[PDB]
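Written below as structure tokens is the structure these notes are about.
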Amino acid sequence: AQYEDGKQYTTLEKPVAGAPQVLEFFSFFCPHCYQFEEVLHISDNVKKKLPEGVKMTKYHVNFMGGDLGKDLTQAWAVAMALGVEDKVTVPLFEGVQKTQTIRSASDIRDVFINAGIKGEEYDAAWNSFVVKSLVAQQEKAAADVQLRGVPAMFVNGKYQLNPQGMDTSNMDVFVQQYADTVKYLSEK
């Protein structure tokens, strides 16, 4: 066949019921995740080929960057609740990996302030039990799928993308292969 279990994807031994249709996991400390966002625009190119009726979900993880890693997961919960993912993703990535100007929760907060979310609004969100359950969701979803590495994408709680089994000679060819695989698994 052209798409083969263990080639462009692997199958979960124990499938996750009720899981988001397309579920992506990342960390702002994760170097390929940086590429995925800034250079490859994976999430965006997947969306473009996805059917419609399809929701895409993106969650942050705790297992990189210790204390700051957990702060970043709570901040991403803030970003989702306020719907400002698309204004903070890049400066969070660059603040963590490029300029290294993010070293505390207060520095994460600065990124949001600069992106125009108001202090009062950020701190209220930060402390809200809507963000608490949003953090729980990120953790539960990761816990559900055995997650020990990022970037990671899961389709219908049954299939997991395997980017190691695609070409990397050409970034553009890599991206379409990745997205076409998501589409293929989607229809499966």
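Please go through the range 146-173 and pick out each residue that is without any contact (Cβ under 8 Å) to a residue 24 or more places away in the chain and among the small types (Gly, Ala, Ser).
Listed by number, the residues that qualify are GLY149, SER169.
Just the residues that are assigned to a loop (DSSP other than H, G, I, E, B) and over 14 Å from the mean Cα position of the chain (by Cα), please, taken from the range 149-181.
Result: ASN156, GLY157, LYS158, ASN162, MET166, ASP167, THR168, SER169, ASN170.
Rundown of residues vs (1) under 20 Å from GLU37 (Cα atoms); (2) within 20 Å of the chain's Cα centre (by Cα), yes/no style:
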| residue | (1), (2) |
| --- | --- |
| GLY66 | no, yes |
| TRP76 | yes, yes |
| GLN97 | yes, yes |
| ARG103 | no, no |
| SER106 | no, no |
| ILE113 | no, no |
| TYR122 | no, no |
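Among the residues of the range 131-148, what is the count of those that are exposed (fewer than 14 other Cβ atoms within 10 Å of the Cβ) and in a helix (DSSP H, G or I)?
Selection size over the range 131-148: 5.
I need a count of the residues in the range 152-174 that are surrounded by fewer than 14 Cβ atoms within 10 Å (Cβ to Cβ) and either closer than 17 Å to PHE26 by Cα or in contact with a strand residue (DSSP E or B) (Cβ under 7 Å, 6 or more places away or on another chain) (or both).
1
Could you check the range 2-46 and list, in sequence order, the residues that are touching a strand residue (DSSP E or B) at 6+ places or on another chain (Cβ under 6 Å) and among the charged types (D, E, K, R)?
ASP5, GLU24
Read-outs: derived from the displayed coordinates by stated rules, not from any lab. FYI the Cβ positions are ideal-geometry reconstructions off the backbone, even for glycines, and counts take in every protein chain you see.
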